[PDB]
Amino acid sequence: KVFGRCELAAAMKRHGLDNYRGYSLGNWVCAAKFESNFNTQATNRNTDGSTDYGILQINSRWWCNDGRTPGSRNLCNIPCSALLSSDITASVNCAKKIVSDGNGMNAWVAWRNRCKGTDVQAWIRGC
């Protein structure tokens, strides 16, 4: 599914992301916008053969097992395929582990380049 902005904001809030590990809800909405354009089925292949999966573009090099990425660590203990659901639970649970790993939201390239530094709460304005 393709979420609307406030629809996703409300779903992420229900799933506990607002202010999680210090990151306000707008950070997470901005991240999803620029990672997947709000599409839970988005996937993008990386140079190193790893792939990003789902609404938050979780990378199989470190976080999930897709059976085809060498150097797999599968730190979220989840098949990458499971992150392509219209229900955001599995992606949120992995996201919580990523942001706790000790480096903020910097793991998300789109967030680090295109959200970090901006007025992120604009992404939940009107919701």
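Heads up, residue numbers simply count up from 1 along the chain you see.
Looks like X-ray crystallography, 1.5 Å, at least that's what the header says.
Even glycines carry a Cβ here, placed using N, Cα and C.
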Swiss-Prot annotation, disulfide partner among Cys94, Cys115 for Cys30: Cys115
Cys6, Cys64 - which one Swiss-Prot pairs with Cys127 by disulfide: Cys6
Whichever of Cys80, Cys94 is disulfide-bonded to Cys64 when Swiss-Prot is consulted: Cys80
Pairwise Cα distance for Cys80 (disulfide bond)/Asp52 (active site) [Å, integer]: 9
Spatial separation of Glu35 (active site) from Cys76 (disulfide bond) - C-alpha basis, Å: 19
Integer Cα-Cα distance in angstrom, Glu35 (active site) to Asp52 (active site): 9
